[PDB]
Amino acid sequence: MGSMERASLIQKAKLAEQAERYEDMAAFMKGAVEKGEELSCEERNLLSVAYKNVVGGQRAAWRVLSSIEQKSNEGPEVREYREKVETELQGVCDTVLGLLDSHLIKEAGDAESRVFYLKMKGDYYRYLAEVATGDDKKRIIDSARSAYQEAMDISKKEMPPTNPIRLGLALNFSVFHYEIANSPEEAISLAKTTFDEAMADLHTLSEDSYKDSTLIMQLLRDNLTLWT
Amino acid sequence: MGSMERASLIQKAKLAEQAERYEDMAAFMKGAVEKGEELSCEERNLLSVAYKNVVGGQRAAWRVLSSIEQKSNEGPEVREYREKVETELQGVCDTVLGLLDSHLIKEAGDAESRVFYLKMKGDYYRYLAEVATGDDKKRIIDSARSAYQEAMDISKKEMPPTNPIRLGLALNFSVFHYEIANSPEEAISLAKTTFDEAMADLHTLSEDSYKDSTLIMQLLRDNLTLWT
Amino acid sequence: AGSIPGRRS
Amino acid sequence: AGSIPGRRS
Ligand SMILES: *Cc1ccc(S(=O)(=O)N2CCC(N3CCCC3)CC2)cc1
Ligand SMILES: *Cc1ccc(S(=O)(=O)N2CCC(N3CCCC3)CC2)cc1
Ligand SMILES: [Ca+2]
Ligand SMILES: [Ca+2]
Ligand SMILES: [Cl-]
Ligand SMILES: [Cl-]
């Protein structure tokens, strides 16, 4: 998208979201990142929304195909097609990870931007881990863990316990523990401690911030209800 | 998809539908058509479902963008992006019309296959007409009309009034009259006559055929309720 | 005004 | 188990 203005790419990403054209949205936001400037809060959210929709569709398709393939193992077409979708999913994760490494993370000096990008890095390694098989899985899992852990360390030092990015990071890291790392007790402990520390800080918030934080706290509670 | 077996393309189209990967589904069915053999009833439905999903997403996005563009006319980005989506939509319609012309229609000798493909031809010209502007619109509209009319003539001679393809053809031709040709009275007359002739033939049907026909009859009734 | 949905086999 | 939906701006 090298010939399109940065501001036009951002405007088109917003239009693509309204039109539910998420592949287009991701391509516009990739072009905007590649202009080389840092992203604002709103622009970071557009980048994340675009890719979460693209990879979310791929993950849902991969799960459907994997389920059919496993039942078939109780011609080569189901495996071949699951592999095709898997390769496409891995390519999207690699693209996002490449944008974070060149050069979003290294230029992110404020806590809000750096935590946001490291949470993304953990998420896309987690999506790689969902489809990885073997010892490849081990290094991919450690990459997710390391990204989430660095984000957590910054978030606990630099953000209040009600900050929505801090809360969403803790939510997703708890899902990592439960679903990827086979550490359900660590998942439950993280979700509980996060919820309780946020509850105790709600009194400091405006009505609008209260709504933002409690929405994500309910997600932590929903997981705790499922896990206990 | 020239290197993939016909039977594998069909199997993958079914998997792609289950995974809600409709672009893949359409590409697999295009490859199957290009093998040069005629399509069975089930295969024709897979081809139609694949492309109706692809073009349905494009039409919905085009409508969102066109609405934003019109309100903006009460920078160039909204128009440029609407044009991009429009061009993509036109390309998909041209692809389907190309498969029908090379060579699905000319090899379709049974009424069921020939009516099915001519209904498709009317539908994809109708989708072209939805986005066409000017005298281009006139010839595109006439192409839709001519395809639907030939299908109607065959269907009335060769199929019972309850046949689901005959009913769906009449439904879509009535929508053509109402939405494209500015002929609401012709739309209402066609929907009414179609519904009434089907009602009078229901007594001939099994329980399962009755369910198939009455489902589409309800769609005719839903339109009549909106139009009168 | 609704045409055949046509999006599920 | 649910992560942040993250699919709407
Ligand atoms: C991981 C993560 C990402 C974003 C946020 S957020 O910016 O505080 N926010 C994004 C919008 C969401 N709304 C939009 C419509 C429904 C929810 C809410 C969360 C937090 C954590
Ligand atoms: C234009 C048209 C196309 C197909 C048919 S159909 O074969 O009789 N049929 C397709 C399946 C539909 N079901 C699937 C799930 C819900 C509805 C019903 C119509 C008729 C007309
Ligand atoms: Ca510039
Ligand atoms: Ca062969
Ligand atoms: Cl910086
Ligand atoms: Cl033939």
hull vol. (C-alpha, convex hull) per residue for region A:6-228, Å³ -> 143 Å³
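Cross-link list A:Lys121/B:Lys14; A:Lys71/B:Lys30; A:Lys119/A:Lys192: which exceed 30 angstrom alpha carbon to alpha carbon? Could the numbers behind the result be given before it?
Details: A:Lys121/B:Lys14 34 Å; A:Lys71/B:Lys30 28 Å; A:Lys119/A:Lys192 19 Å.
The pairs that break the limit, which is 30 Å between Cα atoms, are A:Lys121/B:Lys14.
Would you mind estimating how fast the protein assembly as shown diffuses translationally, via Stokes-Einstein at 4 °C and 1.567 mPa s with the Kirkwood radius over Cα pairs, in µm²/s? Write down the numbers at each step before the final one.
Working: Rh = 25.5 Å.
This corresponds to a translational diffusion coefficient of 51 µm²/s.
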Once the convex hull of the C-alpha atoms of region B:117-191 is built, how many Å³ does it hold per residue, rounded to a whole number? 71 Å³
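If you average 1/r over all unlike Cα pairs in region A:10-117 and invert the result, what Kirkwood radius do you get in angstrom?
The answer is 15.2 Å.
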Using 7 Å Cα-to-Cβ label points, what is the C:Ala1/A:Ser209 separation (nm, one decimal)? 5.4 nm
Nearest-first distances (nm) between copies at B:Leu224, label 7 Å from Cα via Cβ: 5.8
Expressed as a whole number of Å, what is the distance separating the alpha-carbon centroids of region B:47-80 and region A:125-141? 38 Å
How much mean residue ellipticity at 222 nm does the protein assembly as shown get from its helices, if each DSSP H run of length 4 or more adds -39500 (n - 2.57) and you divide by all residues, to the nearest 500 deg cm²/dmol? -25000 deg cm²/dmol
Grab the beta carbon distance between B:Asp142 and A:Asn45, set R0 = 45 Å, and tell me the FRET efficiency rounded to 0.05. 0.40
Output, in nm with one decimal and in ascending order, the distances from the A:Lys71 label point to the matching label points of the other copies (7 Å from Cα along Cα-to-Cβ). 4.3
Per residue and in cubic angstrom, what volume does the convex hull of the Cα atoms of region A:99-228 have? 106 Å³
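Given a Förster distance of 51 angstrom, what is the FRET efficiency for A:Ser102 paired with A:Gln218, based on the Cβ-Cβ distance and rounded to 0.05? The partial results should precede the final answer.
Details: r = 36 Å, r/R0 = 0.71.
The pair A:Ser102/A:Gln218 has a calculated efficiency of 0.90.
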For the rotation that superimposes chain B on chain A, which residue of B has the C-beta lying nearest to the axis, and at what distance in Å? B:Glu23, 5
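Count, for each residue of A:59-67, the Cβ atoms from other chains sitting within 10 Å of its Cβ, then give me the mean as a whole number.
Per-residue shielding by partner chains comes out at 3.
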Run the label-point distances for B:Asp208 please: 7 Å along Cα to Cβ, every other copy, nanometres, shortest first. 5.9
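At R0 = 35 Å, how high is the FRET efficiency between A:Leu202 and A:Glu38 if r is their beta carbon distance? Nearest 0.05 is fine. List each step's numbers first, then the result.
Numbers: r = 31 Å, r/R0 = 0.89.
Given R0 = 35 Å and the Cβ-Cβ separation, E is 0.65.
For region A:105-160, count all C-alpha to C-alpha pairs, find those more than 16 Å apart, and express that count as a whole percent of the total. Walk me through the numbers before you get to the answer.
On the way: 648 of 1540 pairs.
Percentage above 16 Å: 42.
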Region A:95-116 to region A:203-220: how many Å between their Cα centroids? 26 Å
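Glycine also receives a Cβ, built like all others from the backbone with ideal geometry; neighbour counts cover every protein chain displayed. Any read-out appearing in this document is the output of simple, stated calculations on the displayed coordinates, not a laboratory observation.
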